[PDB]
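Given next are the chains, with one letter for each unit.
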Amino acid sequence: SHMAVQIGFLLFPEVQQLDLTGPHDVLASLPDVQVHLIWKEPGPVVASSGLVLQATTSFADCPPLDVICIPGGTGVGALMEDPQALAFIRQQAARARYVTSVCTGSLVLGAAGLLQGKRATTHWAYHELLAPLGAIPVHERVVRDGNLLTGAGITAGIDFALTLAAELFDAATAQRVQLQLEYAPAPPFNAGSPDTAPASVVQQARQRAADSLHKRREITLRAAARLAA
Amino acid sequence: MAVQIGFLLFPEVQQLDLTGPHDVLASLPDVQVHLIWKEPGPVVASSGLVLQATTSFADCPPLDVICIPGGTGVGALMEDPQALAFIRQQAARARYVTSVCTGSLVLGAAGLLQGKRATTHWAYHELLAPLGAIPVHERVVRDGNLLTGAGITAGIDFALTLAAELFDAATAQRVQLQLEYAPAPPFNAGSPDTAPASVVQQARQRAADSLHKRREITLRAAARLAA
């Protein structure tokens, strides 16, 4: 309808698609929501896995949003130094009811200046990069600070989106969606956190991330310097 | 030598049934993931999210794994002889025949649940028995080379189970850690067993028209298998 809650996801090249598609299916289950997939122009955008998604609107044509949500992925490093994307995020965040992210999407909120003095989370492997962007780093899976909600790594988007659903509507509505999703997880292993995974698995995870972390640290301090100037 | 994994992408799919497993399995070494429909190109999910089929039935390579997602669109597939024939063709040689949520009703309409333990979404579980399944109230059910997941988000638990079968436990654990899959749901309403009675009543009330229409489709599909 014309009175729909307006929810926008930034959709960028080399996005981690589950960061977007998990929350999308949760939030699209709510009454009279319109969901936008936003990029520089409408059309196909390829996720890091090769899954092809479709942007529905440009930055220019995007209506004022009630909720803005930034997913993460390999493509965040480019977004953290994209003045056009950062200007769009700051413009929308000025009037949004909620300003939100999943996974390394919070590093883009950081680069836009929106984490200064705010509680935030991100993916466990990149959590050290929050503090240089002025955030108070919190090791919790969904973190609220006023109208800022951030989720931790990839699959945290589902917990994040049910939290946001309760704020937009109420606990009863969020619970109904949880039940419709049959979201009673029973993971076959206990390796979802660096605290519970076998030590061998964490060390491998840390080493495989090392070159990405060193590259993102340099981008992060360039982005921090632009907030300082 | 690459493991060939195929998802059936159909109009009015519940996209998370496909996209959850896709991001888990596409994270594995030496896999190639296909999104299959009658022709390549755009296929719109029940939410309005646009996905893109990568291959026609004809161009689909022999699959190691076939996976049928669920959604509003399964009712049409349960009486689509081309889709059912395609699923039987791939199931014949596939190492694993699989589904998530109401995708198991499509496996049932194809004749592939006869005498097998299976699950589906809690609200549609009564439809498994008429399609010949032994209905099991577990979130991921394995019977030989058949794996079925329960409702929508069960696809993530299903896909990690499958990852360990294709590779090993250590490989599945690495992907679980990369996905930070240590769930902390903000409510305890994911099962009819644990949700408040008011929430169950409302979820059953919303599903009622869909369930009645699927009762009718199911009994026509079962009558075809019998004849």
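Rules and cut-offs
- Residues numbered from 1 in each chain as written, not as in the entry; some residues may be left out.
- Chains lettered and ligands numbered in written order.
- Heavy atoms only, no water.
- Helix = DSSP H or I, 4+ residues; strand = E, 2+ residues; numbered from the N terminus.
- Buried < 20%, exposed > 50% of the residue type's maximum accessible area, 1.4 Å probe, protein only.
- Contact = heavy atoms within 4.5 Å.
- Pairing = 2+ DSSP bridges.
- Axes fitted to C-alpha atoms, helices over the stretch in contact; angles between N-to-C directions.
- Buried area = accessible area lost by both parts, 1.4 Å probe.
- Salt bridge = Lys/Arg side-chain N within 4 Å of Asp/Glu carboxyl O.
- Polar contact = N/O pair within 3.5 Å; in protein donor to acceptor, adjacent residues only side chain to side chain.
- Nonpolar A, V, L, I, M, F, W, Y, C, P; charged D, E, K, R; others polar.

Taking the PDB entry as the reference, chain B is identified by name as Isonitrile hydratase InhA belonging to Pseudomonas fluorescens.

Identification of chain A as Isonitrile hydratase InhA from Pseudomonas fluorescens is taken from the PDB entry.

**Student:** Account for the environment of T171(B), with residues named and values stated.
**Tutor:** Residues and elements named next belong to chain B. Secondary-structure assignment places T171 in helix α6 (residues 169-178). For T171, a relative accessible area of 14% corresponds to the buried category. Between the C-alpha atom of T171 and that of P29, which follows or precedes it by 142 residues, the distance is 9.1 Å. If we skip the residues at most four places from it in the chain, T171 touches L28 and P29.

**Student:** Describe the sheet that holds strand β1 (residues 3-8) of chain B, with residues and values.
**Tutor:** Residues and elements named next belong to chain B. One open sheet holds the six strands; their spatial order is β2-β1-β5-β6-β10-β9, and the pairing between them is mixed. In this open sheet, the two strands that pair with only one neighbour each are β2 (31-36) and β9 (140-143). Between one strand and the next, the sheet's axes are offset by a mean angle of 15°, whatever the strand orientation. Strands β1, β2 and β6 (96-100) of the sheet are contacted by helix α1 (residues 15-25), whose axis makes an angle of about 170° with β1. Along the sheet face, helix α5 (residues 154-166) touches β1, β5 (65-68), β6, β9 and β10 (146-149) and points at about 165° away from the line of β6.

**Student:** So what's going on with the interface of chain B and chain A? Which residues, and what values?
**Tutor:** The extent of an interface is frequently quoted as the accessible surface area lost upon association of the parts. On the side of chain A, 55 residues touch chain B, which itself brings 55 residues to the contact. Here chain B packs against chain A, burying approximately 4800 Å² in sum over the two surfaces, 64% of which is carbon and sulfur. Taken together, the links from chain B to chain A amount to zero salt bridges. The tally of links between chain B and chain A comes to 32 residue pairs in polar contact. Among the secondary structure elements, those contributing two or more residues to the side of chain B that touches chain A are α1, β4 (50-53), α5, α6 and α7 (197-226) of chain B. A total of seven residues in the side of chain B that touches chain A trace back to one element, the largest contributor, which is α6(B). Taken together, the residues of the side of chain B that touches chain A break down into 30 nonpolar, 19 polar and six charged.

**Student:** If you had to explain unusual backbone geometry to someone new, which residues and values would you point to?
**Tutor:** Its identity as a non-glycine residue notwithstanding, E14(A) has a phi of 70°, on the positive side. Along the chain, the position of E14(A) falls in the loop between β1 (5-10) and α1 (17-27). The backbone phi angle of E180(B) is positive, close to 50°, even though this residue is not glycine. Within the secondary structure, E180(B) sits in the loop between α6 and α7.

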